[PDB]
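Structure, as structure tokens:
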Amino acid sequence: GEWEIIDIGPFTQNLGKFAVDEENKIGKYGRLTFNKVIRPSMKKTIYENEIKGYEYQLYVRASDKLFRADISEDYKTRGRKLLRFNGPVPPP
């Protein structure tokens, strides 16, 4: 894979919302309220071994705490899945 910094525009915010919504269905943290994806946002390109998919790592502020969310995206299907949601974590 290769990692790159991505900006925190609407698409990235919408990934953050996705992570919180998914976590709220999962229920590990009870009910979270999405606030914002903060910098830095990172995106890993995963080759088939030719792009297979991507992994986003986002710092997501929800319920006034910070969480680290890792989201996978399948290049062909366009489907996304919440892989990890850790925290609360300290600020990057």
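Lettering and numbering for the structure tokens are positional, with chains as A, B, ... in the shown order, residues counted from 1 in each chain, and ligands counted from 1 in the shown order.
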Check: Which neighbours of segment 75-81 of chain A fall inside 6 Å, counting only C-alpha atoms, when residues of the same chain fewer than 4 positions from it are skipped, and could you give them as a ChimeraX atom specification?
Finding: /A:52-53,71
Notebook entry, point to check: Skipping near chain neighbours, those fewer than 4 positions away, what residues fall within 12 Å of residue 57 of chain A using only C-alpha atoms, listed as a VMD selection string?
Noted result: chain A and resid 3 to 8 12 15 to 16 19 37 to 45 67 to 73 82 to 86 92
Next item on the list: Calculate how many Å separate atom CA of residue 33 of chain A from atom CA of residue 20 of chain A, rounding to one decimal.
Entry: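 Between atom CA of residue 33 of chain A and atom CA of residue 20 of chain A the gap works out to 7.3 Å.
Here atom CA of residue 9 of chain A and atom CA of residue 54 of chain A stand 17.5 Å from one another.
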Check: What are the DSSP strand (DSSP E) residues of chain A, as an MDAnalysis selection string?
Finding: chainID A and resid 2:6 34:47 51:62 65:74 80:86
Next item on the list: Tell me, as an NGL selection string, which residues lie within 9 Å of residue 21 of chain A, counting only C-alpha atoms; anything in the same chain fewer than 3 positions away does not count.
Entry: :A and (16-18 or 24-26 or 32-34)
Suppose we keep N, CA, C and O atoms; can you now write the selection as a PDB file, in the first residue's frame?
```pdb
ATOM      1  N   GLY A  16     -16.618  10.445   7.787  1.00  0.00           N
ATOM      2  CA  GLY A  16     -16.728  10.575   9.232  1.00  0.00           C
ATOM      3  C   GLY A  16     -18.150  10.267   9.733  1.00  0.00           C
ATOM      4  O   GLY A  16     -18.355   9.571  10.740  1.00  0.00           O
ATOM      5  N   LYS A  17     -19.117  10.838   9.054  1.00  0.00           N
ATOM      6  CA  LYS A  17     -20.527  10.583   9.406  1.00  0.00           C
ATOM      7  C   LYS A  17     -20.899   9.146   9.262  1.00  0.00           C
ATOM      8  O   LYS A  17     -21.639   8.588  10.105  1.00  0.00           O
ATOM      9  N   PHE A  18     -20.443   8.556   8.170  1.00  0.00           N
ATOM     10  CA  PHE A  18     -20.558   7.134   7.935  1.00  0.00           C
ATOM     11  C   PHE A  18     -20.004   6.308   9.082  1.00  0.00           C
ATOM     12  O   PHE A  18     -20.716   5.397   9.581  1.00  0.00           O
ATOM     13  N   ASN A  24     -22.771   3.630  15.638  1.00  0.00           N
ATOM     14  CA  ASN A  24     -23.985   3.733  16.428  1.00  0.00           C
ATOM     15  C   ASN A  24     -24.888   2.492  16.232  1.00  0.00           C
ATOM     16  O   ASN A  24     -25.527   2.008  17.205  1.00  0.00           O
ATOM     17  N   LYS A  25     -24.890   1.925  15.019  1.00  0.00           N
ATOM     18  CA  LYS A  25     -25.557   0.627  14.794  1.00  0.00           C
ATOM     19  C   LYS A  25     -24.841  -0.525  15.526  1.00  0.00           C
ATOM     20  O   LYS A  25     -25.534  -1.443  16.061  1.00  0.00           O
ATOM     21  N   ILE A  26     -23.517  -0.492  15.582  1.00  0.00           N
ATOM     22  CA  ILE A  26     -22.720  -1.484  16.272  1.00  0.00           C
ATOM     23  C   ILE A  26     -22.999  -1.381  17.809  1.00  0.00           C
ATOM     24  O   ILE A  26     -23.360  -2.386  18.416  1.00  0.00           O
ATOM     25  N   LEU A  32     -23.303   7.974  19.799  1.00  0.00           N
ATOM     26  CA  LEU A  32     -22.418   9.097  19.444  1.00  0.00           C
ATOM     27  C   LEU A  32     -23.057  10.143  18.530  1.00  0.00           C
ATOM     28  O   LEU A  32     -23.867   9.824  17.645  1.00  0.00           O
ATOM     29  N   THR A  33     -22.627  11.384  18.680  1.00  0.00           N
ATOM     30  CA  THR A  33     -23.082  12.474  17.855  1.00  0.00           C
ATOM     31  C   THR A  33     -21.903  12.959  17.068  1.00  0.00           C
ATOM     32  O   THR A  33     -20.995  13.482  17.642  1.00  0.00           O
ATOM     33  N   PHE A  34     -21.961  12.796  15.739  1.00  0.00           N
ATOM     34  CA  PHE A  34     -20.874  13.307  14.898  1.00  0.00           C
ATOM     35  C   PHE A  34     -20.671  14.798  15.014  1.00  0.00           C
ATOM     36  O   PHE A  34     -21.646  15.593  14.963  1.00  0.00           O
TER      37      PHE A  34
END
```
Margin query: Under the rule that only C-alpha atoms are counted, which of A:22, A:89, A:74, A:66 is the nearest residue to residue 51 of chain A?
Written below: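 Checking each candidate against residue 51 of chain A, we get A:74 as the closest.
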Checklist line | Selected residue, from A:49, A:35, A:62, A:91, that lies nearest to residue 23 of chain A when counting only C-alpha atoms | finding: A:62
Pick out each residue of chain A that DSSP on the backbone tags as alpha helix (DSSP H); I need them as a compact mmCIF listing (two decimals) with N, CA, C and O atoms, in the first residue's frame.
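Below you can see out-v1.txt, which holds the result:
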```
# COMPACT_ATOMS: atom_id res chain seq x y z
N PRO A 10 -16.02 17.98 2.16
CA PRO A 10 -17.29 17.33 2.37
C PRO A 10 -17.23 15.83 2.22
O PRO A 10 -17.88 15.14 3.00
N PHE A 11 -16.52 15.33 1.22
CA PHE A 11 -16.43 13.87 1.10
C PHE A 11 -15.85 13.22 2.36
O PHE A 11 -16.30 12.17 2.81
N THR A 12 -14.80 13.81 2.88
CA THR A 12 -14.13 13.30 4.08
C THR A 12 -15.05 13.41 5.30
O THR A 12 -15.18 12.50 6.07
N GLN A 13 -15.72 14.55 5.46
CA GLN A 13 -16.71 14.70 6.51
C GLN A 13 -17.79 13.60 6.41
O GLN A 13 -18.16 13.02 7.44
N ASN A 14 -18.24 13.33 5.19
CA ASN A 14 -19.28 12.33 4.96
C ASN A 14 -18.77 10.94 5.30
O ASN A 14 -19.54 10.09 5.85
N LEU A 15 -17.49 10.70 5.08
CA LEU A 15 -16.89 9.41 5.60
C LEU A 15 -16.93 9.34 7.13
O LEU A 15 -17.16 8.29 7.69
N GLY A 16 -16.62 10.45 7.79
CA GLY A 16 -16.73 10.57 9.23
C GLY A 16 -18.15 10.27 9.73
O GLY A 16 -18.36 9.57 10.74
N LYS A 17 -19.12 10.84 9.05
CA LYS A 17 -20.53 10.58 9.41
C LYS A 17 -20.90 9.15 9.26
O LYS A 17 -21.64 8.59 10.11
N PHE A 18 -20.44 8.56 8.17
CA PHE A 18 -20.56 7.13 7.94
C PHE A 18 -20.00 6.31 9.08
O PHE A 18 -20.72 5.40 9.58
N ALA A 19 -18.78 6.61 9.52
CA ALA A 19 -18.16 5.88 10.61
C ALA A 19 -19.01 5.98 11.87
O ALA A 19 -19.24 4.99 12.50
N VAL A 20 -19.52 7.16 12.20
CA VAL A 20 -20.29 7.34 13.44
C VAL A 20 -21.60 6.59 13.31
O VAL A 20 -22.00 5.86 14.25
N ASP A 21 -22.28 6.79 12.18
CA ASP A 21 -23.52 6.04 11.92
C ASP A 21 -23.33 4.53 12.04
O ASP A 21 -24.19 3.83 12.66
N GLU A 22 -22.27 3.99 11.44
CA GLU A 22 -21.98 2.58 11.54
C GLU A 22 -21.71 2.20 13.02
O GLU A 22 -22.25 1.21 13.50
N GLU A 23 -20.87 3.00 13.68
CA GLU A 23 -20.60 2.70 15.11
C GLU A 23 -21.86 2.75 15.97
O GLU A 23 -22.03 1.96 16.91
N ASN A 24 -22.77 3.63 15.64
CA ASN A 24 -23.98 3.73 16.43
C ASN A 24 -24.89 2.49 16.23
O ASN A 24 -25.53 2.01 17.20
N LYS A 25 -24.89 1.92 15.02
CA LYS A 25 -25.56 0.63 14.79
C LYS A 25 -24.84 -0.52 15.53
O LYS A 25 -25.53 -1.44 16.06
N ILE A 26 -23.52 -0.49 15.58
CA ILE A 26 -22.72 -1.48 16.27
C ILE A 26 -23.00 -1.38 17.81
O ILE A 26 -23.36 -2.39 18.42
```
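Computed from the coordinates, the atom CA of residue 88 of chain A to atom CA of residue 29 of chain A distance equals 9.8 Å.
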